[PDB]
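Single-structure report; data block below.
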Ligand SMILES: [Mg+2]
Ligand SMILES: [Mg+2]
């Protein structure tokens, strides 16, 4: 029968590893780097677009940074198509919670459920896992500003600063060096861009190969604002820190 | 609107002795004011020295007997030809009846036989499976006529010892098979006189350790 | 539905998928359980290749199943969440029907049954997780500590460890734990637990987690400084 | 036991010169018993306003449902939903429950941010769109509201004048209905400012 | 059916 | 079932619930507690159809307790009331709806404010300074409209509540065998034993 | 070789190896014999034990008052198939008030076994059956193979060393077919038939299993001291 | 039916009548309305005869499975809740049951739960259930004290059923008595109302409404 | 739940010494309208059984198809289909009785009253009744509808009990059946003059008589009857 | 790979044969049947000294008149026991009687072959089912994952089975008392066990008509162990 052609996507190796999860992580390590940095007064999300062409429409484009709700966003590393499946599920989940409790969903609850979906694909169903790693950046009134990451295994962890995708080893060492706890958003913006600039596989970091976003309480009094940076705004912030 | 139930009349009667038990029933079958059959038996030997009758709506009665007979067959297959005791049969019949709690078998069921100590046994059921062991039970159309007579003549109810000032009751004792059959025949002739759905013929099944015996008697055919 | 029998017997009579799930447990961070005269202590290793972590929000290694029972584990972190969720649901379901919280044995028996089911169900792989389940039965002061594993077998332990280098810490506990006289106090029990982890861990900084469970739903997690005091005290007695 | 008249309540909407108004009473009762005098029946999703009369549990449920749907709309579309589009969404959602409907009388009001055109619309319980140049009415005093609006209304009223007309329409209609009243709220809506006014009315 |  | 009342004052929410359980022409019990603690600072009283009431109350209790264990956190009274409303809103279009009316009294620890929610079996939620279900409201609402002030103390709230029970004991047809009174504040839930 | 992974695969010479491997399980089974006259049909079965402490595996199963079989191979598969026969015999009685013809019983078993040889996932039955019965056309003996093939015979035998009894019955055909109105003699012939398949072991009292059905005899099984008469 | 059970100083008394009726027809005078679930648990029957008998023997099987699985006798609370949750699933389907689950365990002590077919479950000290419940209440309430002796408590339970048997047309037959202690239930005999009424009348001097 | 539309009236039958007789008229009524006149309500199964059906005709035609299919199915893999393994009257009845009771139990009955008449392989007479309720019974005489009220009393004068069957010839039995059919034509408002009759004998086999008419009727006395009293 | 329900060329099911190898790795369990009762004994075999041995549950009650011992992948036995208990209680509900020991065993064995591509694999555990009923008296059954069960006068399963079985062949006779059987299980367990036999690493149980199924205390077994050592030294 069809047994012959089954890859058996949800089995253990003799060493106790999940083949498909490991190979999905290998795929993600070639994707454009994405960095998240959590400051005391906000969060920065910075991501490098995958080798751009000059005829690519840059302003009406979205590849790395997605909005889940007004208080939560994600940076993507891996297959974009896979990520959009998960993003729409996460968007719906947030609205289900709001409908049920009349309160915006706590960040961890959203992260746990999305991670549980990934876990399911590694234990049952015989399907390939999602080749995606997320950086979650969000705010709620319990823990305030939070950074999380999830990967194809469905395992998630919290961070002060973290990178996913390519050159995470080099990126993490650089973040670990210059990061400190009393840091501000504007300093974190600079750290994020400096780290990408040194870890990039490109010749020089330019505005057209970046996506950028902040989550501040920099609105008016006790409320959170999501700022997905426009091309010209990335051009300006790149000049302001003296990278170009 | 379609009515899935009917009333086929007739009446049945079970009495237990010391080492025997009888299950009697008239052979008349009716609908409304018509006679369908003057001889249509409704007391059956179900094997393992168990006799059974399910009186009321004959279609439901036949279905139940059919299912119980089948239950006895599978009891042998599944438990190494073990004899189904009368108490085990009774419990099994409860589940048959209660299984249709929300669309009931429209029958009053009586079974008779010997218990595991060799003593006579009669069990009676309501339509949805409530059951009880008794020395005595009449069922069906003329149950209300016969049952009080049985209370008086089998269980000696309302009978006191003469000259004892109504202080000492008439003592309970087992009846011989000859005495029991006298009561059965008189019960059915009386019921035939005063109930229109009862008559034609009487068939008695007697159960001892030797097996199941039958006796037939004519009843008035009007 | 995906039906494939993934867990099957081999010629020598082994179920390799279950045995490979045990290897995943062996890779996981070390977890230890020690029960005293009036308490149970759950100790857990946290690897230090991860700096820049946010410990406020990062999932804790020891999880409350109910107010009186806790669960720690070694192995795949994502797999453990599924077991913990099911256990928490069963805990509330038990309170609803029996009008009494679960015993530690019952909760363990349930979790172990779930694990077993995933070893002979089609289309699923076993859980790459072994658990330590500790607590106190309702209206009871006798400490309880149980262990489960991917195969589905479970058992009670005076003290036990699971995860990487668990054979080293088990060796330590086997000579340092007296059955005739268990750690009489909370301090003694925590110290023996911290000592056992210090055989394997590295630094006693933000690498060790300790959770103490006492009778009548009295569970608390120790902070860094509180644990660091045990680390400081043990090292000074060692130099002798 | 008529679902649309257990709790009581009314909503009315009107158009003016480069503006729209939507108003509602505050009563929530259980037949004769007045229970709450704070039960607002007008909600908004961005710049689009929705008033709902009828069974209060369905009023609450539908508000939560349309907040849900407009939030997902905005995330995917990257823009606020417009009144014309939202009107269609309400109609689709109500007709989905054709043979087990929400017992409601919704009313959409707002200004299209692109064209600047004032827009109002009404629905029956199962989705039928009722578009109007002038006014839409709903609730247990709909007969009264129809009478007040038809006589008092004139086209191209200034925002300040439109406020007086819609307020007098609602107040005098509510006072002829046992199940409506107990306070009132009026929304005056211009292209980029919205004023909300609570009216003084008789409390019987 | 009988009641009790 | 029958009588459940609620009063929100300055610093607490007070719930009063009748003790009688009547079936036919017999009062089967005169000490019934028609309430369940959903969380340390949230209490729910209930009245309605026999069986449904307790079954619904305990089902909600189990769900909130499950949430508390999962997140190691207490849901706000507003969040719990919305969850309860949705369950009743689902129920009303089921094959057999829960015929249960509830009051939810809670103290929000983040806002430091008492909160009282009235929810009927249809899923009709309102936040109120004082609430009642069934025929009780026909006496108590007008009484409270007159005597209630928003800045009252817990003691003043209890005296205000005594006034309601006295009126009900005078004018109500049925003997409801008094009430069990419980207070919800910053320190949690406690029962008044002598009422 | 490469074509024996499942029942859904034909070999290049048109063989079904999984069905053939199922057939092999019957050959390993203990010998059982079947034979009939015009009035009676008899089953004789050699029972097998695990060791001297164990019981002897029962080989004969009753299906109805007028029908039953003996088994050789996987006993649980015989239980499944016999249960199916019990139901089919029973359906015929309840619905049509009709005793199931032994020939129809054979057709029903054939079709049930066949379905397991043409679909993915399943496996063939691993047991052979000898069905005896007495119906409206007299005494009958059937041989069931899990390939699906069912065959009506005067006499036969299946299991290990069944060729000895099968040869004997082939010689004795003219004699035992005319043993009419004499149960004990027809059994004697069957007991002598199964004796041709014995090696190093002989027929003892808790080793031999005999069953008989006929004109005025319901299907009944004899074990223990009731077969001492025939040793 | 008339059934009662009350808690007191010396444990629990349980008393029931034995009559079954189909309308005005007296179907039986010898029905067993107490079911012995285990040596420490009793169940009483009122309402539908089949409904009560079927589901309470089913309850006994569920209690047996509990002690096999948990190696411990089931609590009265848990046993009663199995029955109440069962009937709640059938709510609206037309089951008719008024039952009392009575027993002793170490953690609970003597405990009585009222369970009926519309899903009501109540812990309590005194309950009377059935068509004659009010007649039983009248006698039981007006003579009840917590400090009754085992001898007096047994008599009061017996006397309360007799009162209902006499006045309620749909109660009668005989009285079945039970006493539940820390050591389990104890049967205190079948008492025919035929003899018991006259014996009580003569010895007690009550029932003066009746022609002596 | 149904209501019968096109209907057939009485089916009557009795046992005699060597076999059974059964009869039914050829009418398909549509309420009070005597709509169809060429309707055959006796359906033979093999050469040993006749099934007589009254009630709803659409359901009768369905039952015809079932019996037709039963003959086909019985012949499958059956070398003795025309001998020892031919369909017996008892098999045919039990099958129909099973169907009738199953349909009533699903609250969607076949709105019919059925009489299965035939001779068994051992020569025994078979005669049994079944209806929409699944009720079954046997008697020396059987009849449906008005036949139960008017035919049975007449047929029971010939065969009143079991012992009267050997004493009753086919000539006497047929005479009683034909007389009963005349009485039904006098008194049943949904009867016709035309009918079919079938005899199943253990010696001569199945004889199926079509297009019979009620004759030798008494009407002459009607001329003397004038007014309604005075 | 290959089908789960595949036959070998020798006419055996691969998976069933492989599960039998898993059972050989299991701890020893012994059962002996007498006219005074049936005795069931098992080797506990704790993997570590810190493990509390009394939590090792390899002897189990099915009903009052039926007990059970296991060997192999013991986690697999839980659903088998659950089914056995339900089957026993359900039969009592339907028939107001005790279920026959053989009928119980047959019900458990019906689960065995319900695997394939139903559960994904056979059970990796063998069961010794011991009980009493009125018809056939005291009985001992060996239930395998093949779906086959044999009645035994005495039987050993597990790692030391073939050595213990040969010993049971010599020692068993039809007149053994219950006490004689108890000592015989202890004797044979002590012979095949790795570690030295005591009350903590071995467990005894029995089923009698009068008292039903009982697991012995560690105090009661300890005295039988002491009685056994004294009797072997006494000649
Ligand atoms: Mg008004
Ligand atoms: Mg007013």
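Chains as they are written, first to last, in our numbering: chain R, 910 to 1153; chain W, -9 to 212; chain L, 219 to 458; chain A, 144 to 347; chain Y, 37 to 40; chain Z, 786 to 980; chain C, 289 to 519; chain B, 2 to 213; chain U, 483 to 712; chain X, 2 to 236.
Even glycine gets a Cβ: it sits at the ideal position worked out from N, Cα and C.
- Query: Name the chain U residues that come within less than 9 Å of residue 521(C), Cβ to Cβ?
  - Reply: The requested residue 521(C) is not part of the displayed model; chain C covers only 289 to 519.
- Message: Which residues does DSSP list as the beta-bridge partners of residue 378(L)?
- Response: The residue given as residue 378(L) occupies position 160 in the third chain. According to DSSP, which records beta bridges pairwise, residue 378(L) is partnered with 251(L).
- Query: What do you get for residue 517(C), buried or exposed, if any count of 16 or more other CB atoms within 10 angstroms of its CB means buried?
  - Reply: The count along the seventh chain starts at 1 and reaches residue 517(C) at position 229. A residue is called buried when at least 16 other Cβ atoms come within 10 angstroms of its Cβ; residue 517(C) does not meet this threshold and is exposed.
- Quick one: which residues of the stretch 184 to 201 of chain W get their C-beta closer than 8 Å to a C-beta of chain B? List them in chain order. Within the stretch 184 to 201 of chain W, no residue qualifies.
- Outcome for residue 918(Z) when other beta-carbon atoms lying within 10 angstroms are tallied against a minimum of 16: In the sixth chain, counting from the first residue as 1, residue 918(Z) sits at position 133. Buried, by the Cβ-count rule.
- Return the first residue and the last residue of the beta strand (DSSP E) that residue 506(C) is part of. Locating residue 506(C) in the seventh chain gives position 218, where the first residue counts as 1. Unbroken beta strand (DSSP E) run through residue 506(C): 505 to 510.
- Message: 8 Å is my cut-off, CB to CB: does residue 847(Z) come that close to chain B?
- Response: Position 62 of the sixth chain holds residue 847(Z). So, not an interface residue.
- ligand 1: which residues have Cβ under 6 Å from any of its heavy atoms, chain order? Applying a distance threshold of 6 Å between residue Cβ atoms and the heavy atoms of ligand 1 selects 317(A), 318(A), 320(A), 321(A), 323(A) and 324(A), given in chain order.
- Query: From residue 1122(R) to residue 250(A), what does the alpha carbon distance come to, in whole angstroms?
  - Reply: Sequence index remark: in the first chain, residue 1122(R) carries index 213 (1-based). Sequence index remark: in the fourth chain, residue 250(A) carries index 107 (1-based). When rounded, the distance between both Cα atoms is 38 Å.
- Task: Indicate the three-state DSSP secondary structure (helix, strand or coil) for residue 64(W) in the structure shown.
- Result: Against the second chain, residue 64(W) aligns to sequence position 74. Residue 64(W) falls in the helix class under three-state DSSP.
- Item | Short Cβ contact (8 Å threshold) for residue 862(Z) with residue 827(Z) | Counting from 1 along the sixth chain, the entry for residue 862(Z) is found at position 77. Counting from 1 along the sixth chain, the entry for residue 827(Z) is found at position 42. In this structure, residue 827(Z) lies closer than 8 Å to residue 862(Z) by Cβ.
- Query: Using DSSP with H/G/I as helix, E/B as strand and the rest coil, what is residue 1013(R)?
  - Reply: The count along the first chain starts at 1 and reaches residue 1013(R) at position 104. Here residue 1013(R) sits in coil by DSSP.
- Query: Can you name the residues of chain L whose CB is closer than 8 Å to the CB of residue 86(B)?
  - Reply: If you number the eighth chain from 1, residue 86(B) lands on position 85. Ordered by position in chain L, the residues that pass the 8 Å Cβ test against residue 86(B) are 315.
- Message: Tell me the rounded alpha-carbon separation between residue 1068(R) and residue 954(R).
- Response: The sequence position of residue 1068(R) within the first chain is 159, counting from 1. The sequence position of residue 954(R) within the first chain is 45, counting from 1. Roughly 13 Å between the two C-alpha positions.
- Message: Once DSSP output is grouped into helix, strand and coil, what is the label at residue 1030(R)?
- Response: In the first chain, residue 1030(R) corresponds to position 121, counting from 1. Reduced to three states, the DSSP call for residue 1030(R) is helix.
- Message: By the three-class DSSP mapping on this structure, what secondary structure does residue 242(A) have?
- Response: Translated into the one-based positions of the fourth chain, residue 242(A) becomes position 99. Residue state, collapsed to three classes: coil.
- Name the two residues that bound the continuous beta strand (DSSP E) containing residue 261(A). Position 118 of the fourth chain, counted from the start, is the residue given in the question as residue 261(A). From DSSP, the beta strand (DSSP E) with residue 261(A) extends over 261 to 266.
- Is the Cβ-Cβ distance between residue 393(C) and residue 434(C) less than 8 Å? Residue 393(C) sits at position 105 when you count from the first residue of the seventh chain. Residue 434(C) sits at position 146 when you count from the first residue of the seventh chain. Cβ distance not < 8 Å, so residue 393(C) and residue 434(C) don't count as in contact.
- Contact list for the stretch 88 to 120 of chain X against chain B, Cβ threshold 8 Å: 90, 91, 93 and 94
- Query: What residues from the stretch 868 to 882 of chain Z come within 7 Å of chain R, judged by C-beta to C-beta, listed N to C?
  - Reply: Listed in sequence order: 868 and 871.
- Message: Tell me whether residue 335(A), by its Cβ, gets closer than 7 Å to a heavy atom of ligand 2.
- Response: Walking along the fourth chain from the start, residue 335(A) turns up at place 192. For ligand 2, not one heavy atom lies less than 7 Å from the Cβ of residue 335(A).
- Query: Taking Cβ-Cβ distances shorter than 8 Å, what residues in chain R pair up with residue 215(A)?
  - Reply: Locating residue 215(A) in the fourth chain gives position 72, counting from the first residue. In chain order: 1000, 1001 and 1004.
- Closest by C-alpha distance to residue 691(U), when choosing among 698(U), 678(U) and 702(U): By 1-based counting over the ninth chain, the position of residue 691(U) is 209. It is 678(U).
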